[PDB]
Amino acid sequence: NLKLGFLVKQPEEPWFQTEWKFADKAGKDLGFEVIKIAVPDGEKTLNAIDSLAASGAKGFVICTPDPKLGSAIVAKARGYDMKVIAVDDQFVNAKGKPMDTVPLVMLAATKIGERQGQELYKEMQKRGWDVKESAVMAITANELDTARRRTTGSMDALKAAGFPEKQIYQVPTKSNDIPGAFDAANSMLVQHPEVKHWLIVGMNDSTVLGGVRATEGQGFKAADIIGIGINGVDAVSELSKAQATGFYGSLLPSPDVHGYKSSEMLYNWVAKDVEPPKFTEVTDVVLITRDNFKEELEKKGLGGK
């Protein structure tokens, strides 16, 4: 009967496919239909809302492709008497300040970035690298707050553990995917021939994977590269390879919580005018590596299948 939308900026990522699967579970448990729409740019985003209105949807969960679309999304929704919940990426106003009025469910970005930096440093220590010939490559997406809090948290943790500040090189990526990060990393690598071992910092698996791919192209072997992604589910094809690579592991948060909980809160809101909390921060995280990924995914219910 009741129809609710679930709009995601990147349907190609397992992260978002997983949110969609758990949204469907909430739909089965509470009695609603989930309309799954891909919104990779702003145009499609606004058109998709129009489409939801025509289908008679009462609201939607959205991971916007652009935080700065916040105002427009809210205006359009209001126009159609639709409730909106943001997942993963927070809406911001024209000045870049957070739109605290839209309920949000997101991960603990700073805490998870710090964990990434802690685990990089620990693995570096395990390998015995000389810090003098080591460097950090931080691939950044500073226009996205959640991305920025992860990479800053990671660099802060490295600096706190003793990694020399002057050997931390930042490079912006134009797209949050393997091609964008590949290009970024490739430009930094040729600027630093003196480096023999790289730590690769990025806000998610694809970003780190593009960095790792670039290092392979510049003649670095796996032993001399450590990249730890974030998302978990996006790293399974890499961790499943026969041979080890510079991609050492991934921090697995809870996309299942993001998908179900945002959908459940939307339903309660639409069906009972039960007002969601403004901010829901999911703190769950576990390091998955070649040795435990299958066991940890099955144990979280996102099973190696």
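Throughout, we count residues from 1 along the sequence that is shown.
Higher mean CA temperature factor between 79-87 and 226-234: 79-87, per the PDB entry. As listed in the deposited structure, the average C-alpha B-factor of 263-271 and of 244-252 is greater for 263-271. Reading the B-factor column for the CA atoms of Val102, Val195, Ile73, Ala181 in the entry, the top value corresponds to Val102. Of the candidates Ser134, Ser154, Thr207, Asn142, it is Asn142 whose Cα B-factor is highest according to the PDB record.
In the PDB entry, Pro276 places in the highest third of its chain by CA B-factor. For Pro65, the recorded CA temperature factor ranks within the lowest third of the chain's modelled residues. The entry lists a Cα temperature factor for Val8 that places it in the lowest third of the chain's modelled residues. When the modelled residues of the chain are ordered by C-alpha B-factor, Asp24 sits in the middle third. Remark: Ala147 belongs to the lowest third of its chain, ranked by C-alpha B-factor as recorded.
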